[PDB]
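J.: Residue numbers (the authors' numbering), protein chains in the order written: chain L, 22 to 272; chain X, 22 to 272; chain U, 22 to 272; chain Y, 22 to 272.
4 protein chains.
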Amino acid sequence: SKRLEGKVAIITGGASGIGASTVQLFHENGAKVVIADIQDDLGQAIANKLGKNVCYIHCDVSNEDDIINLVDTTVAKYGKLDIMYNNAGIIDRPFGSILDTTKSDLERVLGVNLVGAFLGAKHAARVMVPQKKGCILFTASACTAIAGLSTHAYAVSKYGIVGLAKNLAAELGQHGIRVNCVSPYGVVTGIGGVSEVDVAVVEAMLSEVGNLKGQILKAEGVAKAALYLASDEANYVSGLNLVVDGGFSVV
Amino acid sequence: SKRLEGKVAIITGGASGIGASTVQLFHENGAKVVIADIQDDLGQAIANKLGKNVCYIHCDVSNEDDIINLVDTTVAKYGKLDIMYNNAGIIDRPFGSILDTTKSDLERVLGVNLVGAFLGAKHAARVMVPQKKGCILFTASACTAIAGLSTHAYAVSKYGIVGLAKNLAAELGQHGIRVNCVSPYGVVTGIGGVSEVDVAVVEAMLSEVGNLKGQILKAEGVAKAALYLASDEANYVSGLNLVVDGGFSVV
Amino acid sequence: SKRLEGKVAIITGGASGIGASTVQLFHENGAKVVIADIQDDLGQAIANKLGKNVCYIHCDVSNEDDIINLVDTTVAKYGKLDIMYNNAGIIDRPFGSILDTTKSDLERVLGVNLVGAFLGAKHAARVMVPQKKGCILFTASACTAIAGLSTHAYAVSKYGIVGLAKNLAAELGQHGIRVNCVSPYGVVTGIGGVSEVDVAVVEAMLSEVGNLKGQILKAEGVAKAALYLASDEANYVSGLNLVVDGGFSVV
Amino acid sequence: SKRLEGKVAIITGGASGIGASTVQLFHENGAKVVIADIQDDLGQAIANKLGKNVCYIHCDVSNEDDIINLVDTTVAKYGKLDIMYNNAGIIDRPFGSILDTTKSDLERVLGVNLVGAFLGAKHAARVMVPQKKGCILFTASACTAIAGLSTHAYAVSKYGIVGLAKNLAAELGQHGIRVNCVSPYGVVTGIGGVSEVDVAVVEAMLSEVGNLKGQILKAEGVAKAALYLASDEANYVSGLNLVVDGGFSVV
């Protein structure tokens, strides 16, 4: 039942959505968990609820000094880093045309989703390579065309993440490090927005075709995929994009 | 610890290799397990060792009457079928050129690997559709070019299996059934041969670059992938080819 | 305008559909063309119409003696073989469930589509390897789940073909030979049937949502993809599945 | 011989490498060609050499005002835009580890390669949607892990481009617009650098394992792929990544 006993995990975007489900599940499975987010109230509350083996650290993943602080503090606190789950993600104006995407919105989505994932992976690898041990995860997407149910900026950021994961699996495998993605189809509750209006549009679309229990189950399904990949039962699993979408994307 | 409690699984090729590791692991995790193979001595011995919730049934998967007998007997014995793991596989002359593959060898490999998988899936789906519940698994391969480390016939059969799994995920998802592949890179110990010489060539290549403990770990890694996908912690995972190869295939 | 001047091409299924469009286009572009089919009346008529640099040879591609006769006669007639286009394909009962596919129908579709493609590639490679020159083509499909618009047997055969092409590109590249697929989305006019009823069902579905001019344009689009890949303007293009579907399969 | 007669093409990065080969080939095939680059001396010289149906426009593709100027001027000059080939690309320090990639270098590569491609596609689509006609191309890469022969930043940018192309094919297909990538394996002569040292390292690696005639042939092969996809002989080809690598990436 303690499939992560003694492991040390960092989870970005850990204050809500998939990140929060994974925080809880990893904690229930024996890991030490560092919640990284920018929603301090939500994140600190979860840390306080779960107790001593969970702590919250403010981290804007697009800011490399925050990422360094997050990794270095985790290692200083626990001596190691077993799992780096680069999950934080935001979206610009959902269901907009390519014709109407602004450069500013594109660069904000890429900065948090793609650059932030890149920086988290860079500094986690900095620690994991001397350990010759580690698991770097990303939240990505299905590899069909998901922009129609998200945005072009969002879809591009997640495609770039899949390419990052593949290339890091190739570089870091020789050092005993696994690199994988876990991926809902596209947008899931708890995603952030370039603007609050963006969050509001996302909220509307999710409840228009979904139970609350159902969004929670999609998030928990992704979390349980992260649990499998981060555990020793996936010691030989690297370079995978583990899509959790009920098969929606194959047809 | 009992991630499959009460579930009923059929595992073809279950008398050796990946199949046998999965039989054992599923049994340790609470499933009722039906071992299907043609190696009666090995298969019956495993059933006898593991006890009452395991039984052995002779089944040439290329023979549709055997497949029907296997599925119908399992359902008659346990009332349901939760998991159908079409894992049996054989290979022709390893590392041969396309120029020297015989039609007979190609048709034998396709018959056991591809047709046998198709027939097992057909009759498992026959039972699972009324249940609106089920998980159909296949042992496939990486989707890079693996013939150089197996054969063209073998690689073709496993590519056809990946396409079968994708299309069945699309048809059966509406009936609550998941369809996935779990896949070592290519050849793994316990694979059968069109001839015994073929098994002998396979044996030589595996020990030329591998510990016994290492082949056992590759097989156990695939088994643990099957365990995850067959459990309720993968309720929303369908259409995936879960490759277990340490990232070997991405470079 | 003569993008294939002096090249020698074999085209299976060349008496109808995509095959016939490609016969004509290759002939207009300067190639010597061998039409291989089992529809002797149609095939001989096309040869007679196009003139001396076109000839018709009866060939059941599932029969290896026919394939040998086809390749050997072409080489005896022209001294070389530049292009082998394994295009012949048939389908079983369209839009049927996995539950109702017969073994016999599956084995007939695999025999013509998959084994026939394998045998054509084997004996073309036999000739092309000493030339250190050649282009082997297959008609495949999109790599999304196309069974819903074809059959499971058909989709599996075309997935196996994509895997064959990838593995042959890897083996034969060192000998200067390119291997590619050209692929309509799924079913196209001129496909054969396990039964005539199967052809009749196919005919109905195509005209239910399509102009005659439109099926002709889809076939000509595939033919022009084959023309590009077979020409020297694709000297460095190998291992590709060139899908011609207007982008239908990405969404 | 005039496979692009009357068509109007914009080619970014058109002053060197693949871009320049494509400028020349498109011009020889009857297109009006707008060379977009930042290497004014090289670009203006090519325009002057080729004559009246070729012109050069300074354009930093990461700058959206430059992109607007480039598209609007082309349309003002010729009344339409048939082909937008977003080919410009740069690289940071080749063969470096993830551990040593700077944020600044990553953001520069993404800005030119990914954002620049996005902006070019946005403003080309702005013109092409009212035409209900157009072809948007990108220079991408193979979809295996190419960072070991380029950089992680470079590989990520090209993976993001493949995802952009797939999603735009899905959005723009309903308006009669095709979207495709043409792709050398990875780095090719004529690529720009974040620094000149980066160009120097690239130059060294290419000539260490390659003839000058050979880099020219790889570039011309990509150009001829762009010619096919941009011509009416690919009217029904959209969502493809046409990789031109001799099959190097499948093994």
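Each residue gets a CB set at the ideal place from its N, CA and C atoms; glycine is no exception.
1. List the residues of chain Y whose Cβ lies closer than 7 Å to the Cβ of U/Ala-190, in chain order.
2. If we ignore side chains and look at the alpha-carbon of each, how far apart do U/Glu-49 and U/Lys-70 end up?
3. Classify Y/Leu-189 as buried or exposed, calling it buried when 16 or more other Cβ atoms lie within 10 Å of its own Cβ.
4. Any contact of the segment 230 to 239 of chain U with the segment 192 to 201 of chain U, i.e. 3+ C-beta pairs under 8 Å?
5. For the pair the segment 98 to 107 of chain L and the segment 145 to 160 of chain L, tell me if three or more CB-CB distances fall below 8 Å.
6. If we require 3 or more residues per run, which beta strand (DSSP E) segments fall completely within the segment 122 to 188 of chain L?
7. Beta-carbon of X/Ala-166 versus every beta-carbon of chain Y: anything under 8 Å?
8. Does the distance from the CB of Y/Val-223 to the CB of Y/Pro-115 come in under 8 Å?
9. For U/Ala-186, which residues in the same chain have their Cβ closer than 6 Å to its Cβ, ignoring the five residues on either side in sequence?
10. Go through its chain and collect everything with a Cβ distance to U/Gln-60's Cβ below 6 Å, but skip five positions before and after it.
11. Take L/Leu-248 and list the residues in its own chain whose beta-carbon comes closer than 8 Å to its own, dropping the five residues that flank it on each side.
12. Shortest alpha-carbon distance to U/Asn-256 belongs to which of Y/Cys-76, Y/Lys-245, Y/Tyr-77?
13. For chain U, is any of its Cβ atoms less than 8 Å away from the one on L/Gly-184?
14. Starting from Y/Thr-210, trace the alpha helix (DSSP H) in both directions and tell me its first and last residue.
15. Determine the extent of the beta strand (DSSP E) in which L/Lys-53 is found, giving its start and end residues.
16. Flag Y/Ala-109 as yes when its Cβ comes closer than 7 Å to any non-hydrogen atom of the ligand PLP, and as no otherwise.
17. Between the beta-carbon of Y/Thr-210 and the beta-carbon of Y/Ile-112, is there less than 8 Å?
18. Can you check which of these residues, Y/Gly-214, Y/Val-29, Y/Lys-179, Y/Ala-52, is closest to Y/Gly-100 by C-alpha distance?
19. Checking 8 Å against the spacing of the C-beta atoms, do X/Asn-262 and X/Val-183 come in under that value?
20. Taking the beta strand (DSSP E) that Y/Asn-107 belongs to, which residues open and close that run?
21. By alpha-carbon positions, which one of U/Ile-39, U/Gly-34, U/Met-226 ends up nearest to U/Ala-240?
22. Is the Cβ of X/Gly-100 closer than 8 Å to any Cβ of chain Y?
23. Compute the beta-carbon to beta-carbon distance between L/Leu-91 and L/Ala-57, rounded to the nearest angstrom, for a pair I have assumed lies under 8 Å.
24. Can you name the start and end residues of the alpha helix (DSSP H) that residue 275 of chain L belongs to?
25. Thinking L/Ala-174 and L/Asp-219 are a contact (beta carbons under 8 Å), I'd like their distance in whole angstroms, please.
26. Of the residues that make up the segment 144 to 172 of chain X, which ones have a beta carbon closer than 8 Å to any beta carbon in chain Y?
27. If U/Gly-137 sits next to U/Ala-109, beta carbons under 8 Å apart, how far is it from one beta carbon to the other, in whole angstroms?
28. For chain Y, check one thing: does any of its Cβ atoms lie closer than 8 Å to the Cβ of U/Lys-28?
29. Report the residue from L/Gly-117, L/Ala-225, L/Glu-128 whose alpha carbon sits nearest the alpha carbon of L/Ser-83.
30. Nearest to L/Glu-254 by alpha carbon, out of X/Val-265, X/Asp-253, X/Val-130?
31. Identify the continuous alpha helix (DSSP H) that holds U/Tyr-99 and give its terminal residues.
32. If I follow the unbroken beta strand (DSSP E) through U/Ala-30, where does it start and stop?
33. So what's X/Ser-228 in DSSP terms, helix, strand or just coil?
34. Can you check whether the CB of L/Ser-204 is closer than 8 Å to the CB of L/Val-130?
35. Applying the 10 Å Cβ sphere with the 16-neighbour rule, what's the burial state of L/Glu-217?
36. Would you verify that the beta carbon of U/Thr-122 is, or is not, closer than 8 Å to some beta carbon of chain X?
T.: Working from what's here:
1. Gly-268, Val-271
2. Answer to the nearest angstrom: the Cα atoms are 12 Å apart.
3. buried
4. Short answer: they don't touch.
5. yes
6. 155 to 160
7. yes
8. yes
9. The beta carbon of U/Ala-186 sits closer than 6 Å to those of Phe-159, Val-200, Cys-202, all from its chain and outside the five residues before and after it, given in chain order.
10. Cβ within range, chain order: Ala-36.
11. Apart from sequence neighbours up to five positions away, the residues of its chain that approach L/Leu-248 with a beta-carbon distance below 8 Å are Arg-24, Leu-25, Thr-43, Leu-46, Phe-47, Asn-50, ordered along the chain.
12. Y/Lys-245
13. Answer no: the Cβ-Cβ gap between L/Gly-184 and chain U never drops below 8 Å.
14. Note, Y/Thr-210: premise wrong, no alpha helix (DSSP H); not H, not E.
15. 53 to 58
16. The ligand PLP is not part of the structure shown, which contains no ligands of any sort.
17. no
18. Y/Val-29
19. Yes, they are a contact pair.
20. 104 to 107
21. Comparing alpha carbon positions, the residue from U/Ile-39, U/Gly-34, U/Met-226 closest to U/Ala-240 is U/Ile-39.
22. no
23. 5 Å
24. Nothing can be reported for residue 275 of chain L, as the shown portion of chain L is limited to 22 through 272.
25. About 11 Å separates the two Cβ atoms, so there is no contact after all.
26. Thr-165, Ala-166, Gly-169
27. 6 Å
28. no
29. L/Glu-128
30. For L/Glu-254, the closest of X/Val-265, X/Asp-253, X/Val-130 by C-alpha to C-alpha distance is X/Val-265.
31. 85 to 99
32. 29 to 33
33. helix
34. no
35. exposed
36. yes
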